[PDB]
file start-v5.json (JSON, C-alpha atoms and all ligand atoms)
[["chain", "number", "residue", "atom", "x", "y", "z"],
["A", 124, "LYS", "CA", 6.45, 31.07, 4.56],
["A", 125, "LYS", "CA", 9.94, 32.52, 5.24],
["A", 126, "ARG", "CA", 11.33, 32.36, 1.67],
["A", 127, "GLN", "CA", 10.81, 32.94, -2.08],
["A", 128, "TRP", "CA", 11.91, 29.86, -3.94],
["A", 129, "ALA", "CA", 13.36, 29.63, -7.43],
["A", 130, "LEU", "CA", 14.97, 26.75, -9.30],
["A", 131, "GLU", "CA", 18.36, 28.45, -9.05],
["A", 132, "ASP", "CA", 18.21, 27.97, -5.22],
["A", 133, "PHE", "CA", 18.68, 24.24, -5.72],
["A", 134, "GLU", "CA", 21.27, 21.89, -7.14],
["A", 135, "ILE", "CA", 19.41, 19.06, -8.79],
["A", 136, "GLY", "CA", 20.61, 15.46, -8.49],
["A", 137, "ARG", "CA", 19.43, 12.14, -9.79],
["A", 138, "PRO", "CA", 15.76, 11.16, -10.43],
["A", 139, "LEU", "CA", 14.14, 9.43, -7.48],
["A", 140, "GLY", "CA", 10.95, 8.32, -9.25],
["A", 141, "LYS", "CA", 8.88, 9.15, -12.38],
["A", 142, "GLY", "CA", 5.18, 9.93, -12.04],
["A", 143, "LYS", "CA", 2.36, 10.60, -14.48],
["A", 144, "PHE", "CA", 2.61, 14.41, -14.15],
["A", 145, "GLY", "CA", 6.38, 14.48, -13.74],
["A", 146, "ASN", "CA", 9.41, 13.31, -11.83],
["A", 147, "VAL", "CA", 10.83, 13.56, -8.34],
["A", 148, "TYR", "CA", 14.46, 14.59, -8.04],
["A", 149, "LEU", "CA", 17.07, 14.59, -5.35],
["A", 150, "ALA", "CA", 18.13, 18.10, -4.67],
["A", 151, "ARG", "CA", 20.22, 20.26, -2.38],
["A", 152, "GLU", "CA", 19.48, 23.80, -1.34],
["A", 153, "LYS", "CA", 22.66, 25.69, -2.27],
["A", 154, "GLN", "CA", 23.10, 28.03, 0.71],
["A", 155, "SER", "CA", 22.09, 25.75, 3.58],
["A", 156, "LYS", "CA", 23.25, 22.46, 2.00],
["A", 157, "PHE", "CA", 19.89, 20.97, 3.04],
["A", 158, "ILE", "CA", 19.08, 17.81, 1.06],
["A", 159, "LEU", "CA", 15.52, 17.36, -0.14],
["A", 160, "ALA", "CA", 13.24, 16.03, -2.87],
["A", 161, "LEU", "CA", 11.83, 18.26, -5.61],
["A", 162, "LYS", "CA", 8.73, 17.03, -7.34],
["A", 163, "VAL", "CA", 8.28, 18.71, -10.66],
["A", 164, "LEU", "CA", 4.90, 18.83, -12.33],
["A", 165, "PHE", "CA", 4.06, 20.19, -15.78],
["A", 166, "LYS", "CA", 1.34, 22.84, -15.76],
["A", 167, "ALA", "CA", 0.00, 21.91, -19.21],
["A", 168, "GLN", "CA", -0.52, 18.29, -18.07],
["A", 169, "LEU", "CA", -2.26, 19.39, -14.85],
["A", 170, "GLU", "CA", -4.50, 21.72, -16.79],
["A", 171, "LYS", "CA", -5.47, 19.19, -19.46],
["A", 172, "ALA", "CA", -6.16, 16.49, -16.89],
["A", 173, "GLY", "CA", -8.35, 19.03, -14.92],
["A", 174, "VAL", "CA", -6.42, 18.69, -11.54],
["A", 175, "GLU", "CA", -4.59, 22.05, -11.49],
["A", 176, "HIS", "CA", -6.63, 23.73, -8.79],
["A", 177, "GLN", "CA", -7.04, 20.45, -6.83],
["A", 178, "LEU", "CA", -3.25, 20.28, -6.42],
["A", 179, "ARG", "CA", -3.25, 23.91, -5.09],
["A", 180, "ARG", "CA", -5.72, 22.91, -2.34],
["A", 181, "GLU", "CA", -3.81, 19.79, -1.38],
["A", 182, "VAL", "CA", -0.57, 21.75, -1.21],
["A", 183, "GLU", "CA", -2.15, 24.31, 1.17],
["A", 184, "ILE", "CA", -3.50, 21.47, 3.34],
["A", 185, "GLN", "CA", -0.15, 19.66, 3.21],
["A", 186, "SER", "CA", 1.80, 22.81, 4.12],
["A", 187, "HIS", "CA", 0.13, 22.80, 7.60],
["A", 188, "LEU", "CA", 0.81, 19.09, 8.38],
["A", 189, "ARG", "CA", 3.72, 18.29, 10.74],
["A", 190, "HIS", "CA", 4.12, 14.71, 11.95],
["A", 191, "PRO", "CA", 7.07, 12.25, 11.80],
["A", 192, "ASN", "CA", 5.06, 9.87, 9.55],
["A", 193, "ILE", "CA", 3.78, 12.49, 7.14],
["A", 194, "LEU", "CA", 6.26, 13.61, 4.47],
["A", 195, "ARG", "CA", 7.03, 17.28, 5.06],
["A", 196, "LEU", "CA", 6.26, 19.95, 2.39],
["A", 197, "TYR", "CA", 8.69, 22.85, 3.00],
["A", 198, "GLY", "CA", 7.47, 25.12, 0.19],
["A", 199, "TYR", "CA", 6.60, 25.34, -3.48],
["A", 200, "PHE", "CA", 6.89, 27.69, -6.47],
["A", 201, "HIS", "CA", 6.48, 27.82, -10.23],
["A", 202, "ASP", "CA", 7.74, 29.03, -13.58],
["A", 203, "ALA", "CA", 6.09, 29.36, -16.99],
["A", 204, "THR", "CA", 5.74, 25.61, -17.49],
["A", 205, "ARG", "CA", 6.26, 23.75, -14.22],
["A", 206, "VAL", "CA", 5.15, 23.51, -10.62],
["A", 207, "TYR", "CA", 7.79, 22.56, -8.04],
["A", 208, "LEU", "CA", 7.15, 20.91, -4.68],
["A", 209, "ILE", "CA", 9.95, 21.17, -2.13],
["A", 210, "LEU", "CA", 9.78, 18.04, 0.03],
["A", 211, "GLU", "CA", 11.42, 16.07, 2.76],
["A", 212, "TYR", "CA", 13.74, 13.47, 1.26],
["A", 213, "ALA", "CA", 13.07, 9.86, 2.34],
["A", 214, "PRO", "CA", 16.32, 8.09, 1.76],
["A", 215, "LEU", "CA", 15.15, 4.41, 1.93],
["A", 216, "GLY", "CA", 12.64, 4.95, -0.89],
["A", 217, "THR", "CA", 9.14, 3.56, -1.34],
["A", 218, "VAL", "CA", 7.33, 0.83, 0.51],
["A", 219, "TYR", "CA", 6.30, -0.43, -2.94],
["A", 220, "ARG", "CA", 9.88, -1.26, -3.78],
["A", 221, "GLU", "CA", 10.50, -2.83, -0.40],
["A", 222, "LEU", "CA", 7.39, -4.99, -0.96],
["A", 223, "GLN", "CA", 8.72, -6.10, -4.43],
["A", 224, "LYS", "CA", 12.10, -6.99, -2.98],
["A", 225, "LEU", "CA", 10.55, -9.01, -0.08],
["A", 226, "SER", "CA", 7.34, -10.16, -1.85],
["A", 227, "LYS", "CA", 5.56, -9.80, 1.48],
["A", 228, "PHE", "CA", 6.15, -8.38, 4.95],
["A", 229, "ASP", "CA", 6.28, -10.32, 8.22],
["A", 230, "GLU", "CA", 3.78, -9.54, 10.96],
["A", 231, "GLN", "CA", 6.05, -7.22, 12.94],
["A", 232, "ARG", "CA", 6.98, -5.02, 10.02],
["A", 233, "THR", "CA", 3.33, -4.90, 8.97],
["A", 234, "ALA", "CA", 1.98, -4.16, 12.45],
["A", 235, "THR", "CA", 4.53, -1.38, 12.87],
["A", 236, "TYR", "CA", 3.67, 0.17, 9.50],
["A", 237, "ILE", "CA", 0.00, 0.00, 10.35],
["A", 238, "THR", "CA", 0.67, 1.70, 13.72],
["A", 239, "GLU", "CA", 2.62, 4.45, 12.10],
["A", 240, "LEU", "CA", -0.06, 4.97, 9.40],
["A", 241, "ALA", "CA", -2.75, 4.99, 12.01],
["A", 242, "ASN", "CA", -0.93, 7.61, 14.12],
["A", 243, "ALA", "CA", -0.54, 9.85, 11.04],
["A", 244, "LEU", "CA", -4.19, 9.42, 10.07],
["A", 245, "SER", "CA", -5.25, 10.13, 13.62],
["A", 246, "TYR", "CA", -3.26, 13.38, 13.57],
["A", 247, "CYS", "CA", -4.92, 14.20, 10.20],
["A", 248, "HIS", "CA", -8.46, 13.41, 11.52],
["A", 249, "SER", "CA", -7.81, 15.85, 14.38],
["A", 250, "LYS", "CA", -7.49, 18.43, 11.55],
["A", 251, "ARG", "CA", -10.39, 17.09, 9.38],
["A", 252, "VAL", "CA", -8.06, 15.79, 6.70],
["A", 253, "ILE", "CA", -8.56, 12.56, 4.74],
["A", 254, "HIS", "CA", -6.92, 10.45, 2.01],
["A", 255, "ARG", "CA", -7.94, 8.59, -1.09],
["A", 256, "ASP", "CA", -5.47, 6.26, -2.77],
["A", 257, "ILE", "CA", -2.91, 5.39, -0.13],
["A", 258, "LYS", "CA", -0.72, 2.84, -1.70],
["A", 259, "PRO", "CA", 2.65, 1.38, -1.26],
["A", 260, "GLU", "CA", 3.88, 3.57, -4.17],
["A", 261, "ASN", "CA", 2.88, 6.69, -2.12],
["A", 262, "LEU", "CA", 4.39, 5.52, 1.15],
["A", 263, "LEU", "CA", 8.08, 6.28, 1.73],
["A", 264, "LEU", "CA", 10.84, 5.24, 4.08],
["A", 265, "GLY", "CA", 12.96, 7.59, 6.26],
["A", 266, "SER", "CA", 16.61, 7.06, 7.27],
["A", 267, "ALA", "CA", 15.68, 4.64, 10.07],
["A", 268, "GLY", "CA", 13.05, 2.79, 8.08],
["A", 269, "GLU", "CA", 10.18, 4.88, 9.45],
["A", 270, "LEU", "CA", 7.07, 5.16, 7.30],
["A", 271, "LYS", "CA", 6.24, 8.54, 5.67],
["A", 272, "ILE", "CA", 2.98, 9.30, 3.88],
["A", 273, "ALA", "CA", 3.77, 11.10, 0.68],
["A", 274, "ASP", "CA", 0.22, 11.04, -0.76],
["A", 275, "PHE", "CA", -1.12, 14.52, -0.07],
["A", 276, "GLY", "CA", -4.23, 15.20, 2.09],
["A", 277, "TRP", "CA", -7.28, 14.84, -0.23],
["A", 278, "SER", "CA", -9.52, 17.69, -1.52],
["A", 279, "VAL", "CA", -12.68, 16.94, -3.66],
["A", 280, "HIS", "CA", -13.75, 18.18, -7.16],
["A", 281, "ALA", "CA", -17.08, 19.95, -7.94],
["A", 282, "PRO", "CA", -20.37, 18.18, -6.99],
["A", 290, "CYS", "CA", -10.44, 6.14, -15.47],
["A", 291, "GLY", "CA", -8.24, 5.61, -12.31],
["A", 292, "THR", "CA", -7.18, 2.36, -10.46],
["A", 293, "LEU", "CA", -9.78, 1.01, -7.99],
["A", 294, "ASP", "CA", -7.60, -1.22, -5.75],
["A", 295, "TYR", "CA", -7.36, 1.22, -2.86],
["A", 296, "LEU", "CA", -10.81, 2.84, -2.96],
["A", 297, "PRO", "CA", -13.65, 1.99, -0.49],
["A", 298, "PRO", "CA", -17.24, 1.14, -1.53],
["A", 299, "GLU", "CA", -18.52, 4.61, -0.68],
["A", 300, "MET", "CA", -16.14, 6.37, -3.08],
["A", 301, "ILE", "CA", -16.90, 4.08, -5.95],
["A", 302, "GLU", "CA", -20.66, 3.57, -5.58],
["A", 303, "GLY", "CA", -20.92, 7.38, -5.96],
["A", 304, "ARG", "CA", -22.05, 7.65, -2.30],
["A", 305, "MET", "CA", -21.26, 10.11, 0.55],
["A", 306, "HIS", "CA", -17.81, 9.64, 2.16],
["A", 307, "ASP", "CA", -16.19, 10.30, 5.59],
["A", 308, "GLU", "CA", -12.82, 9.89, 7.49],
["A", 309, "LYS", "CA", -13.78, 6.21, 7.70],
["A", 310, "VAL", "CA", -12.38, 5.88, 4.18],
["A", 311, "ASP", "CA", -8.96, 5.90, 5.85],
["A", 312, "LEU", "CA", -9.96, 2.94, 8.00],
["A", 313, "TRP", "CA", -10.75, 1.06, 4.78],
["A", 314, "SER", "CA", -7.30, 2.11, 3.47],
["A", 315, "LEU", "CA", -5.60, 0.51, 6.52],
["A", 316, "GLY", "CA", -7.41, -2.71, 5.89],
["A", 317, "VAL", "CA", -6.34, -2.83, 2.24],
["A", 318, "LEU", "CA", -2.76, -2.03, 3.18],
["A", 319, "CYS", "CA", -2.60, -4.47, 6.05],
["A", 320, "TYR", "CA", -3.76, -7.19, 3.69],
["A", 321, "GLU", "CA", -1.33, -6.16, 0.94],
["A", 322, "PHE", "CA", 1.62, -5.93, 3.31],
["A", 323, "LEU", "CA", 1.01, -9.48, 4.56],
["A", 324, "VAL", "CA", -0.14, -11.11, 1.32],
["A", 325, "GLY", "CA", 1.86, -9.23, -1.33],
["A", 326, "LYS", "CA", -1.13, -8.05, -3.38],
["A", 327, "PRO", "CA", -4.19, -5.96, -2.53],
["A", 328, "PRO", "CA", -7.28, -7.89, -1.69],
["A", 329, "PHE", "CA", -9.69, -6.90, -4.50],
["A", 330, "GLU", "CA", -7.29, -7.19, -7.39],
["A", 331, "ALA", "CA", -8.37, -8.57, -10.80],
["A", 332, "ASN", "CA", -7.41, -8.28, -14.50],
["A", 333, "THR", "CA", -10.26, -5.86, -15.11],
["A", 334, "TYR", "CA", -11.50, -2.62, -13.46],
["A", 335, "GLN", "CA", -15.16, -3.55, -13.67],
["A", 336, "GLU", "CA", -14.45, -6.94, -11.91],
["A", 337, "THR", "CA", -12.46, -5.09, -9.21],
["A", 338, "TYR", "CA", -15.49, -2.77, -8.79],
["A", 339, "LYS", "CA", -17.78, -5.77, -8.04],
["A", 340, "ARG", "CA", -15.26, -7.27, -5.66],
["A", 341, "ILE", "CA", -15.08, -4.05, -3.65],
["A", 342, "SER", "CA", -18.81, -3.38, -3.67],
["A", 343, "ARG", "CA", -19.41, -6.93, -2.41],
["A", 344, "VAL", "CA", -16.36, -6.88, -0.18],
["A", 345, "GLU", "CA", -15.51, -10.16, -1.85],
["A", 346, "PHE", "CA", -11.97, -11.43, -0.86],
["A", 347, "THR", "CA", -10.14, -14.40, 0.64],
["A", 348, "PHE", "CA", -7.09, -14.90, 2.84],
["A", 349, "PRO", "CA", -4.26, -17.25, 2.02],
["A", 350, "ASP", "CA", -3.82, -20.00, 4.57],
["A", 351, "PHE", "CA", -0.73, -18.38, 6.22],
["A", 352, "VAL", "CA", -2.57, -15.21, 7.31],
["A", 353, "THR", "CA", -3.08, -15.61, 11.06],
["A", 354, "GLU", "CA", -6.33, -15.18, 13.01],
["A", 355, "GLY", "CA", -5.38, -11.86, 14.73],
["A", 356, "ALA", "CA", -4.57, -10.42, 11.33],
["A", 357, "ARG", "CA", -7.79, -11.83, 9.81],
["A", 358, "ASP", "CA", -9.64, -10.21, 12.67],
["A", 359, "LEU", "CA", -8.13, -6.78, 12.08],
["A", 360, "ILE", "CA", -8.49, -6.83, 8.33],
["A", 361, "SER", "CA", -12.06, -8.05, 8.44],
["A", 362, "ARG", "CA", -13.14, -5.29, 10.87],
["A", 363, "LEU", "CA", -11.55, -2.65, 8.64],
["A", 364, "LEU", "CA", -12.98, -3.91, 5.41],
["A", 365, "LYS", "CA", -16.64, -3.45, 6.48],
["A", 366, "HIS", "CA", -18.91, -2.40, 3.69],
["A", 367, "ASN", "CA", -20.74, -0.04, 6.05],
["A", 368, "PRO", "CA", -18.39, 2.81, 7.11],
["A", 369, "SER", "CA", -19.97, 3.03, 10.60],
["A", 370, "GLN", "CA", -19.06, -0.64, 11.40],
["A", 371, "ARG", "CA", -15.31, 0.07, 10.89],
["A", 372, "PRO", "CA", -13.43, 0.60, 14.08],
["A", 373, "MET", "CA", -11.90, 3.83, 15.28],
["A", 374, "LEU", "CA", -8.22, 4.52, 14.95],
["A", 375, "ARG", "CA", -7.70, 4.02, 18.68],
["A", 376, "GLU", "CA", -9.23, 0.55, 18.36],
["A", 377, "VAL", "CA", -6.76, -0.24, 15.57],
["A", 378, "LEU", "CA", -3.86, 0.92, 17.75],
["A", 379, "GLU", "CA", -5.23, -1.11, 20.72],
["A", 380, "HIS", "CA", -6.01, -4.26, 18.72],
["A", 381, "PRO", "CA", -4.23, -7.29, 20.34],
["A", 382, "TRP", "CA", -2.55, -8.38, 17.07],
["A", 383, "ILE", "CA", -1.16, -4.85, 16.53],
["A", 384, "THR", "CA", 0.01, -4.63, 20.15],
["A", 385, "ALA", "CA", 1.48, -8.17, 20.04],
["A", 386, "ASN", "CA", 3.50, -7.42, 16.88],
["A", 387, "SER", "CA", 4.13, -3.65, 16.66],
["A", 388, "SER", "CA", 7.52, -2.12, 17.67],
["A", 389, "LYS", "CA", 6.96, 0.14, 20.77],
["A", 401, "LIG", "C1", 1.20, 15.82, -5.84],
["A", 401, "LIG", "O1", 2.38, 15.36, -5.29],
["A", 401, "LIG", "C2", 2.20, 14.86, -3.96],
["A", 401, "LIG", "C3", 3.53, 14.40, -3.38],
["A", 401, "LIG", "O2", 3.76, 13.05, -3.80],
["A", 401, "LIG", "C4", 5.03, 12.56, -3.69],
["A", 401, "LIG", "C5", 6.02, 13.13, -2.93],
["A", 401, "LIG", "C6", 7.28, 12.56, -2.89],
["A", 401, "LIG", "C7", 7.56, 11.40, -3.62],
["A", 401, "LIG", "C8", 6.56, 10.81, -4.37],
["A", 401, "LIG", "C9", 5.30, 11.38, -4.43],
["A", 401, "LIG", "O3", 4.27, 10.92, -5.20],
["A", 401, "LIG", "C10", 4.41, 9.66, -5.86],
["A", 401, "LIG", "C11", 5.24, 9.86, -7.12],
["A", 401, "LIG", "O4", 5.21, 10.95, -7.65],
["A", 401, "LIG", "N1", 6.05, 8.87, -7.57],
["A", 401, "LIG", "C12", 6.85, 9.02, -8.77],
["A", 401, "LIG", "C13", 6.28, 7.62, -6.84],
["A", 401, "LIG", "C14", 7.77, 7.52, -6.51],
["A", 401, "LIG", "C15", 8.17, 7.74, -5.08],
["A", 401, "LIG", "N2", 9.36, 8.57, -4.98],
["A", 401, "LIG", "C16", 10.55, 8.04, -4.54],
["A", 401, "LIG", "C17", 11.24, 8.80, -3.51],
["A", 401, "LIG", "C18", 12.35, 8.32, -2.88],
["A", 401, "LIG", "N3", 12.73, 9.17, -1.88],
["A", 401, "LIG", "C19", 11.88, 10.24, -1.85],
["A", 401, "LIG", "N4", 11.93, 11.27, -1.00],
["A", 401, "LIG", "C20", 10.94, 12.14, -1.16],
["A", 401, "LIG", "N5", 9.92, 12.09, -2.01],
["A", 401, "LIG", "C21", 9.91, 11.04, -2.84],
["A", 401, "LIG", "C22", 10.91, 10.04, -2.84],
["A", 401, "LIG", "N6", 8.87, 10.92, -3.71]]
call {"tool": "encode", "arguments": {"input": "start-v5.json", "output": "structure tokens", "more": "lines below"}}
Ligand SMILES: COCCOc1ccc2cc1OCC(=O)N(C)CCCNCc1c[nH]c3ncnc(c13)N2
result
Amino acid sequence: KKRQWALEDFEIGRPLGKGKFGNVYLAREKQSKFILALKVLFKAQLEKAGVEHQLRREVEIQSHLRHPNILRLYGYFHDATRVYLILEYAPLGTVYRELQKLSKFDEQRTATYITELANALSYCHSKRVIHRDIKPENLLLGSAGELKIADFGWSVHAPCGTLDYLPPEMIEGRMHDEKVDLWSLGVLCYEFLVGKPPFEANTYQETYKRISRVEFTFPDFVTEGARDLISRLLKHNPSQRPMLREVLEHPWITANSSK
């Protein structure tokens, strides 16, 4: 990097969101006036949870990712008690909150989100990078409503968390592959259109069985092109899922996506 960062370089503004390990704040770099987000994580929490060194890896990965639909990490630093991530600010907030406000997305908004996700994942696959738990809460909106993936690139542990967004291979304790991200598109496409993710339940263990079985239904208003895309992405067998190019070339995506 070009700079040594300290907290005194930044004027902190209001909280943008509150996470398990800490909060995200609006901030402004004092000398340049550059507005950004600062995500502040407590070291003690990271340690106790056993994710401290995992974060380090994901930050290094993230620091090398440049793409209009991937939230930019500009730098990072620390002090005795906290880690600080210096991020691109996404002024229209999370897709989660947009989904709550609208209850569900129309086909053009969904198709365009899926296209933008798929471009970002395709850029990440060209670097051998994958994701885990891509969820509306981790997807952000830029100044012109463009999707930004905030969820860092995933890095594994040595060889309780929510199951909604995980593919069969992750949960059955099996080998995994970039094709996890194809499963993620399927889950997200469904959730964008329907308003809830497709394997939801009141219990984790029930959600587990639903995913393993790929057991889900479509409400009557979900159209055939959409049912086609979602069903090809939610294949139990990773090899039967399409490639990212096939998602971008799918007639329902091309009929509804903004070009
Ligand atoms: C290990 O860390 C990986 C990076 O993860 C994140 C980077 C940036 C994020 C959120 C990230 O994770 C999710 C999280 O911590 N939440 C509290 C969810 C709230 C979303 N924030 C709302 C928000 C609004 N405008 C923003 N501009 C930039 N970043 C933002 C936000 N938040």
call {"tool": "residues_around", "arguments": {"input": "start-v5.json", "residues": "stretch 307-312 of chain A", "least_positions_apart": "3", "cutoff": "8 Å", "atoms": "all atoms listed in the file", "output": "ChimeraX atom specification"}}
result
/A:244,248,251-255,296-297,299,315-316,363-364,368-369,371-374
call {"tool": "atom_distance", "arguments": {"input": "start-v5.json", "atom1": "atom CA of residue A:360", "atom2": "atom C20 of ligand LIG 401 (chain A)"}}
result
28.8 Å
call {"tool": "closest_residue", "arguments": {"input": "start-v5.json", "among": "A:206, A:262, A:172, A:129", "to": "residue A:146", "atoms": "only C-alpha atoms"}}
result
A:206
call {"tool": "closest_atom_pairs", "arguments": {"input": "start-v5.json", "of": "chain A", "to": "ligand LIG 401 (chain A)", "cutoff": "8 Å", "atoms": "all atoms listed in the file", "output": "Markdown table"}}
result
| residue | atom | partner | partner_atom | distance |
| --- | --- | --- | --- | --- |
| A:139 | CA | A:LIG401 | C16 | 4.8 |
| A:140 | CA | A:LIG401 | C12 | 4.2 |
| A:141 | CA | A:LIG401 | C12 | 4.1 |
| A:142 | CA | A:LIG401 | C12 | 3.8 |
| A:143 | CA | A:LIG401 | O4 | 7.4 |
| A:144 | CA | A:LIG401 | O4 | 7.8 |
| A:145 | CA | A:LIG401 | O4 | 7.1 |
| A:146 | CA | A:LIG401 | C12 | 5.9 |
| A:147 | CA | A:LIG401 | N6 | 5.7 |
| A:148 | CA | A:LIG401 | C21 | 7.8 |
| A:149 | CA | A:LIG401 | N4 | 7.5 |
| A:159 | CA | A:LIG401 | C20 | 7.0 |
| A:160 | CA | A:LIG401 | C20 | 4.8 |
| A:161 | CA | A:LIG401 | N5 | 7.4 |
| A:162 | CA | A:LIG401 | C6 | 6.5 |
| A:178 | CA | A:LIG401 | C1 | 6.3 |
| A:181 | CA | A:LIG401 | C1 | 7.8 |
| A:182 | CA | A:LIG401 | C1 | 7.7 |
| A:194 | CA | A:LIG401 | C5 | 7.4 |
| A:208 | CA | A:LIG401 | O1 | 7.3 |
| A:210 | CA | A:LIG401 | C20 | 6.1 |
| A:211 | CA | A:LIG401 | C20 | 5.6 |
| A:212 | CA | A:LIG401 | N4 | 3.6 |
| A:213 | CA | A:LIG401 | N4 | 3.8 |
| A:214 | CA | A:LIG401 | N3 | 5.2 |
| A:215 | CA | A:LIG401 | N3 | 6.6 |
| A:216 | CA | A:LIG401 | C18 | 3.9 |
| A:217 | CA | A:LIG401 | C16 | 5.7 |
| A:260 | CA | A:LIG401 | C13 | 5.4 |
| A:261 | CA | A:LIG401 | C10 | 5.0 |
| A:262 | CA | A:LIG401 | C15 | 7.6 |
| A:263 | CA | A:LIG401 | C19 | 6.6 |
| A:264 | CA | A:LIG401 | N3 | 7.4 |
| A:273 | CA | A:LIG401 | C5 | 4.7 |
| A:274 | CA | A:LIG401 | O2 | 5.1 |
| A:275 | CA | A:LIG401 | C2 | 5.1 |
call {"tool": "closest_residue", "arguments": {"input": "start-v5.json", "among": "A:174, A:150, A:209, A:184", "to": "residue A:280", "atoms": "all atoms listed in the file"}}
result
A:174
call {"tool": "axis_aligned_box", "arguments": {"input": "start-v5.json", "around": "stretch 181-194 of chain A", "padding_each_side": "5 Å", "output": "JSON"}}
result
{"center_x": 1.6, "center_y": 17.1, "center_z": 5.3, "size_x": 20.9, "size_y": 24.4, "size_z": 23.3}
call {"tool": "atom_distance", "arguments": {"input": "start-v5.json", "atom1": "atom CA of residue A:136", "atom2": "atom CA of residue A:164"}}
result
16.5 Å
call {"tool": "atom_distance", "arguments": {"input": "start-v5.json", "atom1": "atom CA of residue A:228", "atom2": "atom CA of residue A:328"}}
result
15.0 Å
call {"tool": "closest_residue", "arguments": {"input": "start-v5.json", "among": "A:125, A:380, A:365, A:323", "to": "residue A:225", "atoms": "all atoms listed in the file"}}
result
A:323
call {"tool": "residues_around", "arguments": {"input": "start-v5.json", "residues": "residue A:352", "least_positions_apart": "2", "cutoff": "10 Å", "atoms": "all atoms listed in the file", "output": "compact mmCIF listing (two decimals) with C-alpha atoms, keeping the file's coordinate frame"}}
result
# COMPACT_ATOMS: atom_id res chain seq x y z
CA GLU A 230 3.78 -9.54 10.96
CA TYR A 320 -3.76 -7.19 3.69
CA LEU A 323 1.01 -9.48 4.56
CA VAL A 324 -0.14 -11.11 1.32
CA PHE A 348 -7.09 -14.90 2.84
CA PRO A 349 -4.26 -17.25 2.02
CA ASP A 350 -3.82 -20.00 4.57
CA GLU A 354 -6.33 -15.18 13.01
CA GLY A 355 -5.38 -11.86 14.73
CA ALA A 356 -4.57 -10.42 11.33
CA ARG A 357 -7.79 -11.83 9.81
call {"tool": "closest_residue", "arguments": {"input": "start-v5.json", "among": "A:271, A:128, A:134, A:303", "to": "residue A:198", "atoms": "all atoms listed in the file"}}
result
A:128
call {"tool": "residues_near_point", "arguments": {"input": "start-v5.json", "point": "(5.1, -2.7, 9.9)", "cutoff": "12 Å", "atoms": "only C-alpha atoms", "output": "VMD selection string"}}
result
chain A and resid 218 221 to 222 227 to 241 264 268 to 270 315 318 to 323 382 to 384 386 to 389
call {"tool": "residues_around", "arguments": {"input": "start-v5.json", "residues": "residue A:188", "least_positions_apart": "5", "cutoff": "9 Å", "atoms": "only C-alpha atoms", "output": "PyMOL selection string"}}
result
chain A and resi 193-196+246-247+250+276
call {"tool": "build_atoms", "arguments": {"input": "start-v5.json", "residues": "stretch 269-280 of chain A", "atoms": "N, CA and C atoms", "output": "PDB file, in the coordinates of the input"}}
result
ATOM      1  N   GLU A 269      11.507   4.422   9.013  1.00  0.00           N
ATOM      2  CA  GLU A 269      10.180   4.880   9.450  1.00  0.00           C
ATOM      3  C   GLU A 269       9.275   5.310   8.278  1.00  0.00           C
ATOM      4  N   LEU A 270       8.034   4.876   8.346  1.00  0.00           N
ATOM      5  CA  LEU A 270       7.070   5.160   7.300  1.00  0.00           C
ATOM      6  C   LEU A 270       6.746   6.654   7.180  1.00  0.00           C
ATOM      7  N   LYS A 271       6.630   7.153   5.933  1.00  0.00           N
ATOM      8  CA  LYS A 271       6.240   8.540   5.670  1.00  0.00           C
ATOM      9  C   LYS A 271       5.167   8.550   4.576  1.00  0.00           C
ATOM     10  N   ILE A 272       4.026   9.189   4.859  1.00  0.00           N
ATOM     11  CA  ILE A 272       2.980   9.300   3.880  1.00  0.00           C
ATOM     12  C   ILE A 272       3.313  10.437   2.974  1.00  0.00           C
ATOM     13  N   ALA A 273       3.407  10.126   1.689  1.00  0.00           N
ATOM     14  CA  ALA A 273       3.770  11.100   0.680  1.00  0.00           C
ATOM     15  C   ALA A 273       2.542  11.627  -0.056  1.00  0.00           C
ATOM     16  N   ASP A 274       1.544  10.768  -0.137  1.00  0.00           N
ATOM     17  CA  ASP A 274       0.220  11.040  -0.760  1.00  0.00           C
ATOM     18  C   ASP A 274      -0.366  12.234  -0.087  1.00  0.00           C
ATOM     19  N   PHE A 275      -0.603  13.335  -0.786  1.00  0.00           N
ATOM     20  CA  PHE A 275      -1.120  14.520  -0.070  1.00  0.00           C
ATOM     21  C   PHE A 275      -2.538  14.296   0.527  1.00  0.00           C
ATOM     22  N   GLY A 276      -2.848  15.076   1.572  1.00  0.00           N
ATOM     23  CA  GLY A 276      -4.230  15.200   2.090  1.00  0.00           C
ATOM     24  C   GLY A 276      -5.175  15.454   0.931  1.00  0.00           C
ATOM     25  N   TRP A 277      -6.315  14.768   0.916  1.00  0.00           N
ATOM     26  CA  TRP A 277      -7.280  14.840  -0.230  1.00  0.00           C
ATOM     27  C   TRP A 277      -8.298  16.010  -0.165  1.00  0.00           C
ATOM     28  N   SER A 278      -8.531  16.626  -1.338  1.00  0.00           N
ATOM     29  CA  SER A 278      -9.520  17.690  -1.520  1.00  0.00           C
ATOM     30  C   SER A 278     -10.389  17.404  -2.786  1.00  0.00           C
ATOM     31  N   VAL A 279     -11.722  17.400  -2.618  1.00  0.00           N
ATOM     32  CA  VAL A 279     -12.680  16.940  -3.660  1.00  0.00           C
ATOM     33  C   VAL A 279     -12.882  17.912  -4.853  1.00  0.00           C
ATOM     34  N   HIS A 280     -13.318  17.369  -5.995  1.00  0.00           N
ATOM     35  CA  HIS A 280     -13.750  18.180  -7.160  1.00  0.00           C
ATOM     36  C   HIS A 280     -15.125  18.843  -6.922  1.00  0.00           C
TER      37      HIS A 280
END
